[PDB]
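Some notes on the structure that comes next.
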There are 2 protein chains.
Amino acid sequence: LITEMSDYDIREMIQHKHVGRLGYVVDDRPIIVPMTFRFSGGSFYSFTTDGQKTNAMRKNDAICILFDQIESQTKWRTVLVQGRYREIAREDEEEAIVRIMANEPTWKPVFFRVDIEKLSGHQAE
Amino acid sequence: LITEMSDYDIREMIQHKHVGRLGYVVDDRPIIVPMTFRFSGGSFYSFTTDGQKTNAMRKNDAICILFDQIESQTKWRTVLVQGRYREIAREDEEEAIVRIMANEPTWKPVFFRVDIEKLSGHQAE
């Protein structure tokens, strides 16, 4: 019943789905929080004004993002990005901002990107 | 802009929101997967036929569930359950099944529950 999604559908999803759910680890326990992301040049870009998220991901840089479109229990698509927290230096914030905003599909903070180590996508129909 | 949700709204949400997103840890990295849950007698009950989830949560029982209702970037509610994977013994599966199904609000597998260590809920309006 569970199938691998085509690269086409994985791409449509990570290009067009604005909100994903970020997973990080604090003291060996998982935390999940919704965040907006922009896929650009092979990484996902975001930012937060929440210093607790920033400090947690600084201490443990192993993170993930789930994107999904759930129609029912048996009709759904999920894309999981596993990778690494990479904080953007102050002098690179303008670059990050333009990447986040530039030509977005008709949709102090600390900026970061998620560099991809594994990208997987599956569906049920 | 971010407020604590009332216990009333936290309860309405974990009673009526069928799908949450389960967080677990594999080799010090976070994984997130959508699952259906039932809140009953202070724990969340679910099951999976996916042996990789089962084995992962057996090896590391620190897990979480996010429930959320996101209207926009500035209008949303999130409830995070942090707790422990507790696998249901075969002889307790019928109990688990009746708990999952009994009087549900008009909505071999290995059964499990999530026992709650922290429950928090926040909103933005």
Side-chain angles (χ1 to χ4, degrees), chain A residues 3 21 23-33 64 66 68 70 72-74 76 78 80 120 122-124, chain B residues 5 7-11 13-51 53-58 60-68 77-105 107 109-117 119-121:
Chain A
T3 270
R21 284 167 187 85
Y24 60 96
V25 177
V26 172
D27 294 330
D28 307 318
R29 296 182 179 259
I31 308 289
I32 299 167
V33 64
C64 70
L66 184 70
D68 57 63
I70 298 161
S72 84
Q73 293 187 233
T74 59
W76 51 262
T78 58
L80 186 72
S120 49
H122 298 88
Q123 63 183 83
Chain B
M5 290 172 64
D7 70 90
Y8 179 88
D9 296 340
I10 291 169
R11 181 167 35 105
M13 186 134 197
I14 64 180
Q15 283 179 348
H16 300 105
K17 189 99 199 185
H18 203 182
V19 175
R21 284 167 187 85
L22 172 68
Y24 60 96
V25 177
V26 172
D27 294 330
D28 307 318
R29 296 182 179 259
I31 308 289
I32 299 167
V33 64
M35 297 286 278
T36 49
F37 291 101
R38 181 74 189 279
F39 185 58
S40 180
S43 299
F44 294 85
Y45 283 81
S46 189
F47 58 90
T48 188
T49 60
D50 183 356
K53 298 178 188 148
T54 298
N55 289 341
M57 286 186 299
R58 283 168 172 175
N60 184 343
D61 70 353
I63 64 175
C64 70
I65 314 166
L66 184 70
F67 300 96
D68 57 63
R77 303 175 180 257
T78 58
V79 173
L80 186 72
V81 186
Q82 303 179 67
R84 299 293 173 174
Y85 177 78
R86 295 288 174 261
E87 198 164 296
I88 302 292
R90 207 240 326 142
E91 59 279 354
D92 303 310
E93 291 183 354
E94 293 196 346
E95 161 160 15
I97 289 165
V98 175
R99 277 183 183 279
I100 289 165
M101 300 196 301
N103 289 317
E104 89 192 312
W107 288 329
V110 165
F111 286 84
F112 68 96
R113 58 172 211 287
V114 184
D115 284 346
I116 307 182
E117 296 186 313
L119 172 70
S120 49

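The sequence lines fix the lettering, A, B, ..., with proteins before strands; numbering per chain opens at 1.
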Using 0.5 Å steps for rounding, measure from the CZ atom of B/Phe39 to the CZ atom of B/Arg113. 12.5 Å
Side chain to side chain, A/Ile31 and B/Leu80, heavy atoms closer than 4.5 Å: yes
State, with a plain yes or no, whether a side-chain heavy atom of A/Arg21 is found less than 4.5 Å away from one of A/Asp68. yes
For the CG atom of B/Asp7 and the CG atom of B/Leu119, what is their distance to the nearest 0.5 Å? 10.0 Å
Take B/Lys53 and B/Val110 through the side-chain contact (heavy atoms from CB on, under 4.5 Å) test and state the conclusion after the steps. CA-CA 10 Å; B/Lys53 298 178 188 148; B/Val110 165; over 6 Å; no
Taking the side chain as every heavy atom from C-beta outward, state whether B/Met35 and B/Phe112 have any pair of such atoms under 4.5 Å apart. yes
How about A/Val33 and A/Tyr24: do any of their side-chain heavy atoms sit closer than 4.5 Å? yes
Does the side chain of B/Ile88 come within less than 4.5 Å of B/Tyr45's, by heavy atoms? yes
Less than 4.0 Å between a side-chain N and a carboxylate O, is that true for B/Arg84 and B/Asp61? yes
Under the salt bridge (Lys or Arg N to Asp or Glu O under 4.0 Å) test, residues paired with B/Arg38 that sit two or more places apart: none
Contacts of B/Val98 meeting side chain to side chain contact (heavy atoms under 4.5 Å, CB included) (sequence neighbours excluded), chain-then-number -> B/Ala102
Can you confirm whether B/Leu22 sits close enough to B/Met57 that some side-chain heavy atom of one is under 4.5 Å from a side-chain heavy atom of the other? yes
For the rings on B/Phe44 and B/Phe67, is their centre-to-centre separation under 6.0 Å? yes
What's the spacing between B/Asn60 CG and B/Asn55 CG if we round to 0.5 Å? 13.0 Å
Under a 4.5 Å cut-off applied to non-hydrogen side-chain atoms, are B/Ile32 and A/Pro30 in contact? no
To check you understand the geometry: which heavy-atom pair defines the closest contact between B/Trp107 and B/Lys17, and what is its length? CZ2-C, 4.0 Å
Going from CD on B/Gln82 to CD1 on B/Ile63, what distance comes out if it is rounded to the nearest 0.5 angstrom? 11.0 Å
Heavy-atom closest pair (B/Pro105 atom, B/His16 atom, distance to 0.1 Å) is CB-CD2, 3.9 Å
Is the number of heavy atoms from other residues, nucleotides or ligands within 6.0 Å of CD (B/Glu94) greater than 12? no
So CZ of A/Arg29 and CD of B/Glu117: to nearest 0.5 Å the spacing works out to 4.0 Å
Rounded distance [0.5 Å steps], CZ in B/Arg99 versus CD1 in B/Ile97: 13.0 Å
Answer yes or no: is there a side-chain heavy-atom contact under 4.5 Å between B/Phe111 and B/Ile100? yes
